[PDB]
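Comments concern the structure below.
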Amino acid sequence: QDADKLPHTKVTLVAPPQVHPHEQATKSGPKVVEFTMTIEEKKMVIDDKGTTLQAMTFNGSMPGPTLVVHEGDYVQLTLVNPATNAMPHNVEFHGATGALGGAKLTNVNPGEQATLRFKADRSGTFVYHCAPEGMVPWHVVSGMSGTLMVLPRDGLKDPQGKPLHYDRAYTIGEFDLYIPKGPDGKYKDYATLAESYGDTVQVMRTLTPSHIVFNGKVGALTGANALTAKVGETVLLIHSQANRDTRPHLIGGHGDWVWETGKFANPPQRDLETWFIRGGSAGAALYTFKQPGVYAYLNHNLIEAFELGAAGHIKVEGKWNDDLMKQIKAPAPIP
Amino acid sequence: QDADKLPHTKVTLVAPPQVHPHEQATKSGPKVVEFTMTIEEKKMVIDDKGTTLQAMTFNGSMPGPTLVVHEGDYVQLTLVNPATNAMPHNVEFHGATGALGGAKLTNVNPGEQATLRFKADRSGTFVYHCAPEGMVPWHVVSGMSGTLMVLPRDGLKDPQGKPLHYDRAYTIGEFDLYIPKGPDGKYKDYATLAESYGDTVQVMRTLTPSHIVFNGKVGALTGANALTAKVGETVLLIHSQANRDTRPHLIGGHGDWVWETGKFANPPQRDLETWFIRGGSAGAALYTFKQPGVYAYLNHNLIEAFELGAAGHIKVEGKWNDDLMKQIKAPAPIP
Amino acid sequence: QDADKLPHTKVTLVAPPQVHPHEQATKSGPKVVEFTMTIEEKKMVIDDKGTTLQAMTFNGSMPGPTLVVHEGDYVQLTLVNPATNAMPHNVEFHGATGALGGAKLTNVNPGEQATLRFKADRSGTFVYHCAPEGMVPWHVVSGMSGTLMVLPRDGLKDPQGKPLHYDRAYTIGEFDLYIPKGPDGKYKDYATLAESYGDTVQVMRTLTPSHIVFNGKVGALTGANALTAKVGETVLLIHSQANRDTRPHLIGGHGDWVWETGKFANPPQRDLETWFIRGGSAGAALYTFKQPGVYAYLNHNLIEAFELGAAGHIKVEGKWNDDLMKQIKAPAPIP
Ligand SMILES: [Cu+2]
Ligand SMILES: [Cu+2]
Ligand SMILES: [Cu+2]
Ligand SMILES: [Cu+2]
Ligand SMILES: [Cu+2]
Ligand SMILES: [Cu+2]
């Protein structure tokens, strides 16, 4: 169909780690699904010792919100760059075809907005990110990325075509940060975004992140902000990394079905311990919880997780199952 | 079945690179398979110039021994932490479900042991590793990991369901080491394990290994300690990397059938030149030798292999096959 | 068949990024396909500020030329090392079986040549590279690698066995460079290849490239040297990385069908945003262009691409398609 003649619907986005309400399988025909995002440059505290990042975001969060459509829908995004920001921005959708993913059609200076439509003709999770000419990696590593999820119209399927369903989706964006230090060995704090640029590029070129965080900060997805589930619930874990490889893992769980390259027309793999999200992509894993307790969800380069920040928690309620795991003898003196 | 009512068998572990005797396909029903491992902290010489590592091991080796069961069996491990060690330890099994892979149920201080049971309900090679709260990557990178192999009850299969069989299994654990240097440019030698901690964490956070070794040392799997095979023999090469990505390769061979994500319910890929083991996982490759000679088996980041240590040898006996490869003209002056 | 009795054909190689003319599906039976390559050591300017590399090449280019045969053919390569070079060289073919991929049979000192035959019995793209004993990574990272493509005799196929065809093939070799700096912070320029060795090994061991280039230089595949296509044309993008992982991506496009591990007997994946070439391998992607414009083809570690060099351009002619993408509202003041 011709999109100019199709029904339009508007979606209200929600902040990560939640994902806006949506259908999996749907009886709906194709639609033009309208979204708006407003860019916010802001200084953020990214660790427990007061380190700040001169950050750049879609909609005020790292990652930006996840946008969900169905295959054959059109995405119609209005991108707003308020006059309170300093930099130009745009958006590149890996789910889109042409014009550098839309970036060439969405260059907005502070004070401007633009509206892009594209056909979401390929199913999968896809990164979107800012990509202004001449300063692409800086905008990405400063926070400007998120996920577009294009569901098959009949929902997710296993390799034999059997339906897969989730009860809850969570979106995790993983951010390799390049925060400069000064000659005193302390992280720098900058009064403006522009002042951070040159020093940050030098750190970037070392390819060594200072921090690697989920969802904007060390510990973002812990404590009151842990992810939650129950025994018996199936969760979809969407993982985006717009710049650098990562290897997600659920400690004490598995990826029951995983699309690590993130593209739902391909059969998923089962029983994964650790999967691989290529830098510049989003992938997705399903898991049905079978044990209660506090899980970790992390990048299984354990230095990247525990030393640099790429780890969160999932608090799961329900009944312990001694068939799956039992302590036969508790720690006690060696006989 | 209820594991409390199933038959128990005990397995005697063997040191890497061998793997304890086991069946592939079996007529046996599910069993509770009992293993014991004893933690040994020890100083190890890890290269040819006398560099030492304040190491931590399961059963005295890097990697720990490979444990082999069949899908539907239960693993029942007694983990012993003698009083001669300095640190607490535990074990996390990626093949297990719940309680942080078992780590929460196996915290043993020096002088203690504990016994864990879990259902091995998913086929594949899976990493196990130590994970004590607050010092997880240090224990892993100091040597505390190995593989659990859960074979399908009817043995390995190709993508069409045809049986695959191996004559010999070898287990290779690859270890990214973070050995500190002092201000004189020499690697540090520490009198105790605890004294090594702070300096090692700083090196870890650079994400640059000093050494990357197979099986505990540069050259571990070379010379008298080369792996061996014959023309016509099919070998299974199990490769674990509990912390960091690697890319195994057999020079002059291939991965005939490879499960790079390591999970046997998924179809393997064929004819691989180089495969990919995500940090935090174990994978497996089958190869049937067709030529004699000394092969290298290595990580094909060739700097990681030849400069940092991640390479071994396979000495293969038998008859050379000029159909597969022939020197037509030996090196000689250019006409 | 016995290769000694088969027909021989000679192929004239062409420089990257082109690939010599070849059939996809063929009615031909197996042949011994003869190639010659001549090693050239030379100083190359690799960036826009005059940095030089003491380089090493097959046939004068980075990468070496792509060699194309069909499964069941034999490759018969004459490798020539002129007396004007300083170092010994050889060749290792990942597509070959035995004798360290051929390296043991092709050790040529300056002034020598050798001829190797092997059976190309496995379909796929495969790296070939130099591997002289004791200095393997140096020769690889200095430029000595390329691709052997072994096509199935009936051409490429999708997961259901349907024929896939390309109109044009391009070959991209990605090179992680390790150029030393002196104490003044400037890149070193060396009068000879041998003088560069020790300093380069120290940089290599940091695992941090100074530059990461396609096809020999920052910007090699841009401007007059951009890749070209038209709307409606299907291109095969061959990507080799003999030493280090990379993650190819076509901005504004996709991998329609991708063999990221590069082995054509395995089913390809569809709709990829970003794929993964393991260090030590070659992979291949098909894409049919649907929009005109200047695309980027890059490594989607965006620092590696935009800061270090791993990016090129594809200039595509034809008609813009507003169904796939349309600017609904151009950048304008915020209402
Ligand atoms: Cu931006
Ligand atoms: Cu992108
Ligand atoms: Cu431990
Ligand atoms: Cu783990
Ligand atoms: Cu060479
Ligand atoms: Cu190689």
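Top line first, the protein sequences correspond to chains W, U and X. 359 is the number that full-length UniProt numbering gives the last residue of the first sequence; the numbers go up by one with no jumps. 359 is the number that full-length UniProt numbering gives the last residue of the second sequence; the numbers go up by one with no jumps. 359 is the number that full-length UniProt numbering gives the last residue of the third sequence; the numbers go up by one with no jumps. We put the beta carbon where it would ideally sit given N, CA and C, even for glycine.
Spatial neighbours of residue i in its chain, beta-carbon cut-off 6 angstroms, leaving aside the 5 residues before and after
{"i": "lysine 287 (chain X)", "result": "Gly148"}
{"i": "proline 272 (chain X)", "result": "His263, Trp299"}
{"i": "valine 56 (chain U)", "result": "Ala27, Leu30, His32, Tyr98, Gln100"}
Distance cut-off 8 angstroms: residue i Cβ against heavy atoms of ligand 6
{"i": "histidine 153 (chain X)", "result": "yes"}
{"i": "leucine 180 (chain X)", "result": "no"}
{"i": "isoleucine 275 (chain U)", "result": "yes"}
Own chain residues within Cβ distance below 7 angstroms of residue i, not counting five before or after
{"i": "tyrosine 214 (chain U)", "result": "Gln78, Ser220"}
Cβ shell of residue i (< 8 angstroms), same chain only, five flanking positions each side left out
{"i": "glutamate 116 (chain W)", "result": "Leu124, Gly125, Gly126, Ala127, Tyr152, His153, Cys154, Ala155"}
{"i": "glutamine 137 (chain W)", "result": "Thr102, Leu103, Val104, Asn105"}
{"i": "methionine 349 (chain X)", "result": "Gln315"}
One or two residues paired with residue i in a DSSP bridge
{"i": "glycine 336 (chain W)", "result": "W:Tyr321"}
{"i": "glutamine 100 (chain W)", "result": "W:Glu58, W:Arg141"}
{"i": "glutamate 341 (chain U)", "result": "U:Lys254"}
{"i": "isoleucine 196 (chain U)", "result": "U:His263"}
{"i": "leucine 201 (chain U)", "result": "U:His235"}
{"i": "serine 220 (chain X)", "result": "Looking at the DSSP assignment, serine 220 (chain X) forms no beta bridge with any residue, so it has no partner."}
{"i": "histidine 118 (chain X)", "result": "Beta-bridge pairing links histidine 118 (chain X) to no other residue."}
{"i": "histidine 113 (chain X)", "result": "X:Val132"}
{"i": "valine 151 (chain W)", "result": "W:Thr171"}
{"i": "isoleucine 301 (chain X)", "result": "X:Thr270"}
{"i": "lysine 34 (chain W)", "result": "W:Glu58"}
{"i": "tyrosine 311 (chain U)", "result": "U:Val259"}
{"i": "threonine 90 (chain U)", "result": "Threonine 90 (chain U) pairs with nothing; no bridge assigned."}
heavy atom of ligand 3 below 8 angstroms from residue i C-beta
{"i": "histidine 118 (chain U)", "result": "no"}
{"i": "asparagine 133 (chain U)", "result": "no"}
{"i": "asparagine 114 (chain U)", "result": "yes"}
{"i": "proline 156 (chain U)", "result": "yes"}
{"i": "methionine 111 (chain U)", "result": "yes"}
{"i": "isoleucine 63 (chain U)", "result": "yes"}
Three-state secondary structure (DSSP) of residue i
{"i": "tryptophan 283 (chain U)", "result": "strand"}
{"i": "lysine 212 (chain W)", "result": "coil"}
{"i": "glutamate 95 (chain U)", "result": "coil"}
{"i": "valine 242 (chain U)", "result": "coil"}
{"i": "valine 69 (chain U)", "result": "strand"}
{"i": "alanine 39 (chain U)", "result": "coil"}
{"i": "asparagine 249 (chain X)", "result": "helix"}
{"i": "residue 366 (chain W)", "result": "Nothing about residue 366 (chain W) can be reported from this structure: the residues present for chain W run from 25 to 359 only."}
{"i": "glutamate 328 (chain U)", "result": "helix"}
{"i": "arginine 146 (chain U)", "result": "coil"}
Residue of the options minimising C-alpha distance to residue i
{"i": "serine 234 (chain W)", "options": "W:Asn345, W:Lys314, W:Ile327, W:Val56", "result": "W:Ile327"}
{"i": "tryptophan 299 (chain W)", "options": "W:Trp283, W:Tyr311, W:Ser85", "result": "W:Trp283"}
{"i": "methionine 159 (chain W)", "options": "X:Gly206, X:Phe330, X:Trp344, X:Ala335", "result": "X:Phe330"}
{"i": "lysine 143 (chain X)", "options": "X:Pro134, X:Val165, X:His118, X:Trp162", "result": "X:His118"}
{"i": "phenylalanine 199 (chain W)", "options": "W:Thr81, W:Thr230, W:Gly277", "result": "W:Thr81"}
{"i": "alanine 120 (chain U)", "options": "U:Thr60, U:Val69, U:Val174", "result": "U:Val174"}
{"i": "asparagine 249 (chain X)", "options": "X:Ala39, X:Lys29, X:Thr171, X:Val35", "result": "X:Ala39"}
{"i": "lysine 73 (chain X)", "options": "X:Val43, X:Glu157, X:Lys241", "result": "X:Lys241"}
Any non-hydrogen atom of ligand 2 within 8 angstroms of residue i CB
{"i": "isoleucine 301 (chain W)", "result": "no"}
{"i": "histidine 324 (chain X)", "result": "yes"}
{"i": "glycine 125 (chain W)", "result": "yes"}
{"i": "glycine 304 (chain W)", "result": "yes"}
Contact test: residue i Cβ vs ligand 1 heavy atom, cutoff 8 angstroms
{"i": "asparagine 267 (chain W)", "result": "no"}
{"i": "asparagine 83 (chain W)", "result": "no"}
{"i": "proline 106 (chain W)", "result": "no"}
{"i": "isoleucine 327 (chain X)", "result": "no"}
{"i": "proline 89 (chain W)", "result": "no"}
{"i": "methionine 80 (chain W)", "result": "yes"}
Any non-hydrogen atom of ligand 5 within 8 angstroms of residue i CB
{"i": "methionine 68 (chain X)", "result": "no"}
{"i": "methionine 168 (chain X)", "result": "yes"}
heavy atom of ligand 7 below 8 angstroms from residue i C-beta
{"i": "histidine 163 (chain U)", "result": "Inclusion of ligand 7 in the displayed structure is not the case, the ligand content consisting of ligand 1, ligand 2, ligand 3, ligand 4, ligand 5 and ligand 6 alone."}
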